[PDB]
Amino acid sequence: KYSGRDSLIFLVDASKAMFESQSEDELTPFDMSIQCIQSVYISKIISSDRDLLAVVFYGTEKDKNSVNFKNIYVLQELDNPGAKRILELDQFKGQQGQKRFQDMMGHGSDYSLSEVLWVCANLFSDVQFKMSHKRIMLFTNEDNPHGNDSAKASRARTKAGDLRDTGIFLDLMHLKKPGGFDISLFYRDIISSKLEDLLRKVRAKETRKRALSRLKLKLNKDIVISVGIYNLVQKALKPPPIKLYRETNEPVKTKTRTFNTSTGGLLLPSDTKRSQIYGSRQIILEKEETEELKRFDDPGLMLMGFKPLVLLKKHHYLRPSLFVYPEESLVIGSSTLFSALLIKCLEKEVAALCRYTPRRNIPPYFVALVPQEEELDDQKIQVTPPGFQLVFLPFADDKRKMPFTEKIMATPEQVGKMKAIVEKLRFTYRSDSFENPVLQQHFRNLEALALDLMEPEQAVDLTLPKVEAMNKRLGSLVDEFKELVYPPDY
Amino acid sequence: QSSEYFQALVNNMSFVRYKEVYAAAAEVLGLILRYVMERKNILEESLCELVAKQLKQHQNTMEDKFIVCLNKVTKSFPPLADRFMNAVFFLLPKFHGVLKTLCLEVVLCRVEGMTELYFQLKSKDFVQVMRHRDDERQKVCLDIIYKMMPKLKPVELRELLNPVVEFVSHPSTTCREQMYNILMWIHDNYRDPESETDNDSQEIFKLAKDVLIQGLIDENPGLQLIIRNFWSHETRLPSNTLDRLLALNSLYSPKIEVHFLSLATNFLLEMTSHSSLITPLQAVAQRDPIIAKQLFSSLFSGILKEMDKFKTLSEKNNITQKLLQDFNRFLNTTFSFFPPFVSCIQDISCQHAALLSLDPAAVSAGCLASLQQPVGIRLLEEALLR
DNA sequence: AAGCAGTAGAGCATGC
DNA sequence: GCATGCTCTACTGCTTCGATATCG
């Protein structure tokens, strides 16, 4: 569903040797798990800031749970990612945190069985909302935790089956007790290592989905079809700057009025008119008059001819490009007319030409509808959906005029050198990962106030050239391309 | 053939838009499943599997229609929520309105044979939905507790019993009828008869001896004939002639003093074996207090006048010292003093040289507040003589 | 747009 | 005889929020 929310429970196994250093002076798995949990929260507190995130440690000495079991301590409850939750939770970092967790809850006990999954089910059942994703993140390192009692193994796989029935799925993010993945054990009964997704890869994203307009395309006068006009490249930017009072630390709730008519007083919408000046004479009008002088047509798309895909030069563009899809609020069959029109427009490489009026009162605008056939693969590489695509087209004072009367020819002693240069610099493009410096450092700079660790954090920007690694990679042909034919010579 | 007709039917269950087709589809599915269950010769192994696969398809896309159809299939088919029993408990703190009644209607059916129940029901805060002003929820949630008594330890029964006996001040005679139906077993099989066992196994018997005595002044006769024929049963109030009179002191409970004399002569007058005038006396006593006071005050001394033949010289002293103890208990215990009862005990004691030395600290504060001073003055003067 | 919530008002059954 | 009582669904609007034009 559209207003659906997802859910995640962090189940931490801090019992026997996970609280030990594994007799290894290299890395500690408790601090690794708390670092990974802090990374998850600190990303999703600006990425997807409405899901449900809980933290639960098991195998502890005390207990805290609403069925009142033993060894099981819930810490927080299913709610938003919160600055209080992370400032509370980061008191268990390092050996100072190991000792503070020792004195605060302790470590080590004969841990549970099915009962911890019972606590997870009673944690999910309380929430009155629409849960869409039910995942459990398990941070454990042992892989036969009840390898001396088979009744607890059978009851644990039974209770995990009854958690799989109602729709709960767990993905145990494996800690590294042998470092490499050598525990090829038999844990297939419960499940449906790599940590880099939880570590780094998502410091500035968002999640959303709307439709932006639902318009109808009319062909002659009577053949109408219904299309949803989705937007797929949207230019995200930084959130609005809320206003705040100094002392009481609250919003300001501004208000706005208009007066001083050479008398003072107070005004209304009706007493005042709109106006313009053109050199010497002044015009006056009403607000409905200046809103009605730009009034042409009705909202929708109007078919005004056909053209194949050869005249439009990609020198010509004006705005981003939307994406039209056959929705389902005219008739069961507008999909079929769009499918036939799709097949014919693709195979005869023809593209539609239309007029397009976006909403209730906007001047009309010429668009061109170019088809697109989907691409998927064996492993579902769903890179394109099938449907049509708008391209905008300019009108008159869009295209300006350059000085433009310059034409000088060069000499063909440089083309092979430049071919070698561009074959030296050749990299296969991209799929993702060219993130935003300004928004990125704003995210980090806002982390450094409510988390207030030290300073502005890491601020690498993956859009700078590296001239130091460019010079040696190119080589010493810069001078010969600089002065093979042409000296500047001052 | 029998492979597509049923598929068309269970497939028409999925037509989930209009109310009449799918609810009646589920009901008639329950009828078909029940007929092929008790009529085992035709197979059911296709059909039960088919309809359960439809329901498992149902429960995650939309849930209201899932609980509705499971409710109506279980309306005549018990064993087809075992596959969904953790799903309905998963849904139970999510449903309000009529649907919480619907889930509880489901969960009543598959109890008698289920182990480890009170943990889940305690987790889903049952003792906060046993105390909300709807009526049908409160009837069904007590009919499960009449089923899950003989599976509990007394550690939890004393947590259940603390808001279930808040129902004596409730309207709606079926609800209170249930509440006086569960206490009738908790009294008859927890009688702890000097067995040296427990404090909770003796404490629930105290709080269940409270309500089967405060339930003799209920505002629905026809119900209270049940409680009277419970309390007038052989070896439950000892029915020889005199032991019933002595035992009637035991079920006093000062929430019922306004009716105590009429009830005492009623239990005493039922065990007759004269027909023309005893029955209007039973009829006339429980309407007006003063002639009833006269009737009990004469019945008491009638039996004590017969007792001097039987019940030899030591036993006379034993019964009379116990009776003196009981009357002292009465005057110390009463909270709002009833005048034609306070006068009745101080009028039946004064005429015996075995019950005189009662309690002059209790007679005084009793008859200054009952405003029956000249029976007390006569009692103390009859004491100070002889 | 995406979803919820109310309710106005025309359509089922019995009254000086 | 119309004077009353009672019941279910399509028309209106609410609220959040994402986008867009527009002002400075």
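Residues numbered from 1 in each chain as written, not as in the entry; some residues may be left out. Chains lettered and ligands numbered in written order. Part of a larger assembly, values for the part shown. Heavy atoms only, no water. Residues with missing side-chain atoms left out of burial classes, pairs and counts.

What the deposited record gives as its method is cryo-EM, and the resolution it gives is 3.9 Å.

Asks: What am I meant to see in the protein's contact with DNA strand D here?
Replies: In the neighbourhood of DNA strand D, the contacting residues comprise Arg210, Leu212, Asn231, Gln234, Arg319 and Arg359 of chain A together with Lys19 of chain B. Within 4 Å of the protein, the contacting atoms of DNA strand D are drawn from sugar and phosphate to the extent of 100%. Here a sugar or linking oxygen of DNA strand D sits 3.2 Å away from a polar atom, N or O, in the side chain of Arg210 of chain A. Contact between DNA strand D and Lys19 of chain B: a phosphate oxygen at 3.0 Å from a side-chain N or O atom of the residue. Split into classes, the residues belonging to the surface near DNA strand D amount to one nonpolar, two polar and four charged. (Near = heavy atom within 4 Å. Polar contact = N/O pair within 3.5 Å; in protein donor to acceptor, adjacent residues only side chain to side chain. Nonpolar A, V, L, I, M, F, W, Y, C, P; charged D, E, K, R; others polar.)

Asks: What exactly am I supposed to notice about the pairing of strand β10 (residues 300–308) of chain A here?
Replies: For a regular strand, side chains alternate in direction, first toward one face of the sheet and then toward the other. All names here are of chain A. Alignment of strand β6 (residues 214–218) against β10, held across two bridges, turns out to be parallel. Across the sheet, the residue bridging to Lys218 is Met302, located in β10. Pairing of β10 with strand β12 (residues 350–357) involves seven bridges; the strand directions are antiparallel. Across the sheet, residue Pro308 finds its bridge partner in β12, namely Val350. (Pairing = 2+ DSSP bridges. Helix = DSSP H or I, 4+ residues; strand = E, 2+ residues; numbered from the N terminus.)

Asks: What's the story with helix α1 (residues 5–13) of chain B in this structure? I'm lost.
Replies: Three- or four-residue spacings in an α-helix give side chains the same orientation, since the helix completes a turn every 3.6 residues. All names here are of chain B. Of the positions making up α1, those classed as buried are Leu9, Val10 and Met13. The arc that holds every buried residue of α1, seen down its axis, measures 90 degrees, which confines them to one face. Where α1 is buried, its residues meet α2 (19–38), α3 (47–61) and α4 (64–74). (Buried < 20%, exposed > 50% of the residue type's maximum accessible area, 1.4 Å probe, protein only. Arc of directions from axis to C-beta. Contact = heavy atoms within 4.5 Å.)

Asks: Would you take a moment to explain the interface of chain B and chain A for this structure?
Replies: The extent of an interface is frequently quoted as the accessible surface area lost upon association of the parts. On the chain A side, the residues contacting the eleven residues of chain B number 13 residues. Of the roughly 1,100 Å² buried between chain B and chain A, counting both surfaces, carbon and sulfur atoms make up 51%. Among the residues of chain B in contact with chain A, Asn86, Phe90 and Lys94 of chain B are the three that bury the most area, contributing 45% of the side total. The interface formed by chain B and chain A contains zero salt bridges. Taken together, the connections running from chain B to chain A amount to two residue pairs in polar contact. Within the residue set of the side of chain B that touches chain A, elements represented by two or more residues are α3, α5 (85–91) and α7 (118–123) of chain B. Of the residues in the side of chain B that touches chain A, the class split is two nonpolar, six polar and three charged. (Buried area = accessible area lost by both parts, 1.4 Å probe. Salt bridge = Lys/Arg side-chain N within 4 Å of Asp/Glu carboxyl O.)

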